[PDB]
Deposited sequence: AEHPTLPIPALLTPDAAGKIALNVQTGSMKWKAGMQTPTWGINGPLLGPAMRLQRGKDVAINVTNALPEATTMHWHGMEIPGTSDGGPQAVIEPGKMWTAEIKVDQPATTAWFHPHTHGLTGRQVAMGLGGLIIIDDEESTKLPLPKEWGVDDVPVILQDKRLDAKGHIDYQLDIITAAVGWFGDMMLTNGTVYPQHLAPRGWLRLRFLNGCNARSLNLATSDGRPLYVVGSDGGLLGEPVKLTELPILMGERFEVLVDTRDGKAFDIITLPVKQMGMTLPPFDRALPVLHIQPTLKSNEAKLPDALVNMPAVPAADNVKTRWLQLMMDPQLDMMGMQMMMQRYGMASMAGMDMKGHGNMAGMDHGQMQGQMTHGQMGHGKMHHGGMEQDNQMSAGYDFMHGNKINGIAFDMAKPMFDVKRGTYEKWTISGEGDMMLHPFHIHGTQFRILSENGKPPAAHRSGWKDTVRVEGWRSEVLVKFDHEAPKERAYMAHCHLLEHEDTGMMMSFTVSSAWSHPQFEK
C-alpha cells in the first residue's frame, strides 16, 4: 500500500439536546520512525472533527479542556456575535468547560476552528489543534455536487510541521519565526505524510484548508488536469472557475471539483511559492500532498454551469472607511532574516533581500502591538464599511483575517480580486502593498467580547499584529 489512507474527520452533528461536545485532549502521532510525537487534538490525538451544522438551526458547543494549559477556540469564518467566538477574552482554563451558543446564519461553506490564545496561537495550532465546520443550506443542497462525506466530498487539511531530534514538534517563537513565521520540513495532509484517497469516477469535491502557521501553498495536479473552484472562504461562488494553479493562504478554504471520469490516478501537488523561508526542501520543487486513485464505482455528480446566487458588490457610497496599517520592526525583521540565512542557507530567502528590541511586540497595527484592553473603534451593526489594510514598507505575506463577517474584496494588493477570490472571503492577501475590502457586521461584539482582525501568519499575530474592535 505504502501511501497510508487519507484520514476522514468524523462528522459531528448536534445531539437531541442541540449540543456538540468537544474535548480538547492530549495524544500522540507517529511521523518519524523510532519516536512517537506528543500531540494535541480535539476529540482525538490530532486535528478535530467536522462539525456539520444546518443554516438557521441553533447549537451550543461544549469545549472541555483536557490539556495541562489554558486554550481558547475561534470559530473561523462564522458570522456570529462576539459573545460566542471565544478568543483571548474567553479563556478555557485546564479542566474547565466553556460553552458557545451559535445560531447559524450564513451560506453553505467549509468554515474551520482553531485556538486563538494570546501569544500562543501559533504554538497551539502547531501542537495539532484544529477542526472543520461544514455548513449546509437549502440553496446548495439542490446542486448536483458530491455529497458523500469521505467518499466524494473530502476534506483536505494541509499543514506543515517540523520535528526535533527527540521526535517532538519543534515549535519556536524566536527571532526567526517572529519575522518569517514557523515553517517546517514535513508536509501533513490531514496529519498524514502523503496520504491516498480512493474516489468514485465522475467528480471529486475537495474541501481544501491551508492549516499552516506561516506557509502559503499553490495547489495543482500532477498531470495538469484543471481544478474547478466552486467555493471560497464563506460560501460557493456564482459559477465555477477553471484553474491550473490555485494559491491558498493561511486560514483559507477553497472547495474544488476534479474530473475523475477517466479513472486515471493523479496527485494533488503544491508548487514552490515565492515566500521567505518557504523555498527549502521538500518544498523547493513540486510536492505531491495527496494521491487520488479512482475506484471502479461511479457517481451522478456534475459540475453545474451556475452554482448559487452571488450578489453584486453594493456601491457603498458614503460609508465609513478604516486604515489598518500593518507594521514590522525593521531591526528585529533584519535579525530574523540574518538568523534564517545562517541556519538554513541563502535558499531560505526565496530570491529576496519607532523601534525597540521587543520581539514579542515587534509587529503592530496602526503603531500598536495588540492591546486587548483598547479596541481601535466601534462599528454600527448592519452598516457597510470600506477597510484598507496596508503592508507597505514590509515585504512579508500577510493574509488578513477579520472576525464575525464574510466580506467582498474590492482590491487585493492593488489589482482587483481574482475570479475565485471575488466571492465571499474572510482572509485577504496583503503583501508589500495595500488591499481594500467591503465589510458589514450583522452581529454585535461588546468591549468584553470584542471582534478581532489580525494577520493569519500566526507568528505575526502572536507578536502583536492584531487589533480588536467593537460592534453595537
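For this chain, the deposited residues without C-alpha positions form the stretches 354 to 393, 513 to 522, given in sequence order.
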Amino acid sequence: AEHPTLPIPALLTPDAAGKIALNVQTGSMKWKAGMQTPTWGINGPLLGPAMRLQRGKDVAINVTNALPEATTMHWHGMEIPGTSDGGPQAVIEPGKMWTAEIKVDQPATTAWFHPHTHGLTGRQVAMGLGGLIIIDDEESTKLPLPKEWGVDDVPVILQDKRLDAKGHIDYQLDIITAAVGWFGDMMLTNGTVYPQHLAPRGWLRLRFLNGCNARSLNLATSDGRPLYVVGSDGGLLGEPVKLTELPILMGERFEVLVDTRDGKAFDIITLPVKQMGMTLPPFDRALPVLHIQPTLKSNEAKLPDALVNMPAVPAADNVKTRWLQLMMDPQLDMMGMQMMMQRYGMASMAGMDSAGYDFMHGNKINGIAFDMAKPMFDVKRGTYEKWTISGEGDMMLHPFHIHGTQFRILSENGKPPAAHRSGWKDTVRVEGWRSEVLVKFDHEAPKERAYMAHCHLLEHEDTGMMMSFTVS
From here on, numbers count along this sequence of modelled residues.
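In this entry, 292 to 300 shows the higher mean Cα temperature factor of the pair 76 to 84 and 292 to 300. The PDB entry reports B-factors from which the mean C-alpha value can be compared for 132 to 140 and 159 to 167; the larger average falls on 132 to 140. The PDB entry assigns the greatest CA B-factor among 310, 334, 173, 340 to 310. Out of 260, 216, 366, 363, the entry records its largest CA B-factor for 260. Residue-level temperature factors show residue 433 in the lowest third of its chain, judged at the C-alpha atom. Sorting the modelled residues of the chain by their CA temperature factor places residue 189 in the middle third. For residue 270, the recorded CA B-factor ranks within the middle third of the chain. Only modelled residues enter the ranking.
In the deposited entry, the Cα temperature factor of residue 54 places it in the highest third of its chain's modelled residues. Residue 359: CA B factor in the lowest third of modelled residues in this chain (values from the PDB entry).
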